[PDB]
Amino acid sequence: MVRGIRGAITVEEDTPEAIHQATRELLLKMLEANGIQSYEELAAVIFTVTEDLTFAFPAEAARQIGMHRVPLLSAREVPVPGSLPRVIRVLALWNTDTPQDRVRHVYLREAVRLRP
Amino acid sequence: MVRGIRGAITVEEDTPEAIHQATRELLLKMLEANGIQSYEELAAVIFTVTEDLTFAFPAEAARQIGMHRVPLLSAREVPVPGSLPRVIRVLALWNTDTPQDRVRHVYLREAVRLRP
Amino acid sequence: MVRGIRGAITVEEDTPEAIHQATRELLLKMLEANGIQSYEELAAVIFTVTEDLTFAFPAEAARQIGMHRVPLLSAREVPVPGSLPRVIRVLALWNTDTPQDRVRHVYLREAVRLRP
């Protein structure tokens, strides 16, 4: 059984450093919020990056925390004009029997505005 | 076990309203075609939107029908010149033991041209 | 249980033919490297294409080798300036109990530079 976990975080500036730190923070909190003990529980992780972020290497953030063996993919987030700027989103596919209503989705910084 | 479900639908005009209605129609038919009784069966849902659609909020369509707890992600569809215009595509990851050849994929409106 | 499989391959020229052949080669090797006997084992396959590739139809390559019933999705890879050019990436979601450290990820041609 698989459960997707969503995450989102914003960065104040378009720099690789800011993007790296933000991605790392989000990944760690998504793991913490769901009590995930090992990366072996993750089937894969998909990232989306908004068009206002340039040198975005979210994969390197995952690598720094040891997710070397977790398959990662990064795609351009649909560029809706006027949408929340500078956002890194995550969709982690988690092998778990955790009920859908018990999965914890994480929205940080300005990304909290994304959820009602 | 997980089975992906594909869906595709076109819109006649580039407006949030047209995109919303089309997305909703597609999602409902994909669920209906596969006899899905609860959203809890969905691991996650990924959407792709073509570059000729601007204010596309497919996630709001999913929310309107109650998919609040289903993790969603939306990415830009590879923009191949001359390809079918104004398409909203869906890839639903379904937790099921349904045989691959028994999963029903849904193509609506002009999107029927996508499949041979 | 699901395990993602990553693949990446580069093409020397931006033509549909070059993209088709490369995609096919990558898909076949990813299957071969993991001893996959049937496509029925694949939940879905997601492709990302870099912005320097134009008429990219990776789905047709999958179709040619018989993956008609495997749900496919293709999105634009985040366009980081100066990143490795002309890359077709794959993320295959595999229903298997294979340990995460035993899954074989495939990087071909210039894509070998992507992994340390």
Side-chain angles (χ1 to χ4, degrees), chain A residues 43-47 56-60 62-63 67-76 93, chain B residues 4 75 78-80, chain C residues 2-39 41-68 70-96 98-116:
Chain A
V45 175
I46 302 176
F47 300 96
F57 307 108
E60 291 305 310
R63 160 170 285 134
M67 300 180 69
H68 304 286
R69 307 273 179 55
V70 184
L72 314 170
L73 200 63
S74 64
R76 162 150 290 179
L93 296 177
Chain B
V78 178
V80 180
Chain C
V2 176
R3 290 299 183 192
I5 310 178
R6 274 302 318 287
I9 187 166
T10 55
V11 291
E12 277 304 302
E13 306 188 308
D14 176 24
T15 65
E17 294 82 16
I19 296 169
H20 182 85
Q21 182 285 305
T23 300
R24 186 181 61 226
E25 185 182 316
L26 176 62
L27 287 172
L28 290 173
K29 290 186 177 179
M30 286 174 74
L31 297 165
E32 179 180 61
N34 290 282
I36 297 178
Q37 305 277 60
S38 170
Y39 297 144
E41 294 177 52
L42 303 176
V45 175
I46 302 176
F47 300 96
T48 73
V49 180
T50 51
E51 55 166 23
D52 48 18
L53 290 175
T54 312
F55 295 100
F57 307 108
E60 291 305 310
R63 160 170 285 134
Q64 183 175 55
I65 60 174
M67 300 180 69
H68 304 286
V70 184
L72 314 170
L73 200 63
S74 64
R76 162 150 290 179
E77 168 72 29
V78 178
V80 180
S83 56
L84 187 65
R86 301 184 301 286
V87 188
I88 291 297
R89 290 180 173 81
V90 177
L91 170 61
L93 296 177
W94 181 31
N95 289 302
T96 183
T98 297
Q100 188 177 68
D101 54 42
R102 295 302 183 185
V103 174
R104 300 314 169 206
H105 304 288
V106 177
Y107 284 71
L108 305 172
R109 302 180 187 176
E110 298 308 301
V112 301
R113 304 168 63 191
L114 298 175
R115 291 190 304 184

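Convention: sequence-line order gives letters A, B, ...; per-chain numbering from 1. The figures here come from the full heavy-atom set of this structure, side chains too, leaving out hydrogens, waters and symmetry mates.
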Quiz item: For the side chain to side chain contact (heavy atoms under 4.5 Å, CB included) test, which of C:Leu27, C:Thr23, C:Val70 pairs with C:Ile65?
Solution: C:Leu27
Non-hydrogen atoms of [X] and [Y] that approach each other most closely:
X        : Y       : result
C:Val103 : C:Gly4  : CG1-O, 3.7 Å
C:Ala8   : C:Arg6  : CB-NH2, 4.1 Å
C:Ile5   : C:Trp94 : CD1-CE3, 3.7 Å
C:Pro79  : A:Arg76 : CG-NH2, 3.2 Å
C:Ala75  : B:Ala75 : CB-CB, 4.0 Å

If you measure from [atom1] on [X] to [atom2] on [Y], what distance do you get to the nearest 0.5 Å?
X       : Y       : atom1 : atom2 : value
C:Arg3  : C:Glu41 : CZ    : CD    : 14.5 Å
C:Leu28 : C:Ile36 : CG    : CD1   : 11.5 Å
C:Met30 : C:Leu42 : CE    : CG    : 8.5 Å
C:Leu26 : C:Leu31 : CG    : CG    : 9.0 Å

Do the side chains of [Y] and [X] get nearer than 4.5 Å, heavy atoms only?
X       : Y       : result
C:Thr48 : B:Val78 : no
C:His20 : C:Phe57 : no
C:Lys29 : C:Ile9  : no

Exercise. Might you confirm whether atom CD of C:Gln64 has over 12 heavy atoms from other residues, nucleotides or ligands at distances under 6.0 Å?
Key: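 Above 12, so yes.
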Quiz prompt | Residue pairs, two or more places apart or on separate chains, that pass salt bridge (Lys or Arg N to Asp or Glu O under 4.0 Å) and touch residues 98-116 of chain C | solution =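 For residues 98-116 of chain C: C:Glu25-C:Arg109.
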Practice problem: Would you mind listing every salt bridge (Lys or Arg N to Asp or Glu O under 4.0 Å) that reaches into residues 46-66 of chain C, with sequence neighbours excluded? | Solution: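 For residues 46-66 of chain C, and leaving out neighbouring residues, the salt bridge (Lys or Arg N to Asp or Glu O under 4.0 Å) pairs sorted by first residue read C:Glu60-C:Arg63.
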Would you mind writing out the side-chain donor-acceptor pairs for residues 80-93 of chain C within the sub-3.5 Å range, not counting sequence neighbours?
| residue | atom | partner | partner atom | Å |
| --- | --- | --- | --- | --- |
| C:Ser83 | OG | C:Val80 | O | 2.6 |
| C:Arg86 | NE | C:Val11 | O | 2.7 |

Practice problem: Evaluate side chain to side chain contact (heavy atoms under 4.5 Å, CB included) for A:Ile46 paired with C:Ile46, printing each intermediate quantity in order. | Solution: CA-CA 10 Å; A:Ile46 302 176; C:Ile46 302 176; 4.0 Å; yes
